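Quick note on labels: first sequence line is chain A, next is B, and so on, each numbered from 1. All heavy atoms count here, side chains included; hydrogens, waters and symmetry mates do not.
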Amino acid sequence: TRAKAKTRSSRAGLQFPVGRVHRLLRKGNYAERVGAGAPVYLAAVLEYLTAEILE
DNA sequence: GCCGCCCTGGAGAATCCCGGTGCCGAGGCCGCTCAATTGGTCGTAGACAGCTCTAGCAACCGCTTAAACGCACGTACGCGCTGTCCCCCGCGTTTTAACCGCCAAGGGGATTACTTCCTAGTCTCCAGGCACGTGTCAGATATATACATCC
């Protein structure tokens with residue numbers, strides 16, 4: 001009985017994809033392990049910088 | 001009496017406005033579809049605690065001595081002014097090639113799918129290279145002592 005799946009971006013209240021950023025961090029040869037909050041934080045920072053330049 | 005010239009009225013055509021209908025840009029909807037999500041398991045990265053030894057730090061001392069500082073002088077150089085000439089800019093005219101639109105065939109390269117096999121990851125065991133400490137040894141250096149000599 002799986003629950004209703006929701007995205008990690010909606011959990012973090014973001015528009016940038018947390019899962020895509022996590023996959024690019026895991027396959028980008030940056031470290032052996034990637035923490036859970038690191039793609040959330042990096043997606044938030046990227047979304048903020050995009051918001052500043054777009055405004 | 002006959003013919004020519006000036007003044008004024010109503011009907012035909014051009015233009016503005018509105019309604020019906022067709023076409024371009026964008027958004028909602030649907031379908032595929034693959035990558036994010038969820039759930040469970042497990043190994044290990046890192047947090048935590050503990051002991052030992054070394055570096056840093058605040059505030060003080062004392063001594064030395066070379067660097068910093070202050071001052072006077074002088075003169076070299078930054079800067080302003082003037083001349084001059086030359087070279088770059090503005091403009092008119094002529095050329096010319098960039099740009100766009102065309103063949104004509106062929107290869108390079110990006111994808112999609114598939115097959116195969118070689119090579120690199122992983123695991124276990126072992127041994128020798130690297131790091132550290134030390135005994136020993138030959139080259140470099142300083143002086144002890146003996147011989148020739150000037151006054």
Side-chain N or O of A:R26 versus OP1/OP2 of B:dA35: is the shortest distance under 4.0 Å?
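For B:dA35, OP1/OP2 do not have a side-chain N/O of A:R26 under 4.0 Å.
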
N/O (side chain, A:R33) to phosphate O (OP1/OP2, B:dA45) under 4.0 Å:
no

Go through [options] for me and flag the one nearest to the [X] side chain.
| X | options | result |
| --- | --- | --- |
| A:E32 | B:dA45, B:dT37, B:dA35 | B:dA45 |
| A:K6 | B:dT37, B:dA45, B:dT38 | B:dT38 |
| A:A3 | B:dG39, B:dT37, B:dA45 | B:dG39 |
| A:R20 | B:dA45, B:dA36, B:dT37 | B:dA36 |

With a sphere of 6.0 Å drawn around CZ of A:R20, does it hold more than 12 non-hydrogen atoms of other residues, nucleotides or ligands?
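Count not over threshold, so no.
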
Quick one: A:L24 CG to B:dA36 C1', roughly how many Å, whole number?
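Rounding to the nearest Å, CG of A:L24 and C1' of B:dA36 are 13 Å apart.
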
Rounded interatomic separation in angstrom, taking CG from A:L25 and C1' from B:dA35:
16 Å

Taking every non-hydrogen atom, the tightest pair across A:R8 and A:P39:
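So the two residues come closest at NH1-CG, 4.3 Å.
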
Sign of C1'-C2'-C3'-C4' decides it: give me the sugar pucker of B:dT111, north or south.
north

Does the ring of B:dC99 sit north or south, if a positive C1'-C2'-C3'-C4' angle means north and a negative one means south?
south

Examine A:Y30 and A:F16 and state if one hydrophobic cluster contains both, with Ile, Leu, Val, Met, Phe, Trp and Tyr joined whenever side-chain heavy atoms are less than 4.5 Å apart.
yes

same_hphob_cluster(A:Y48, A:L25) at 4.5 Å side-chain heavy-atom cutoff:
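Not linked; separate clusters.
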
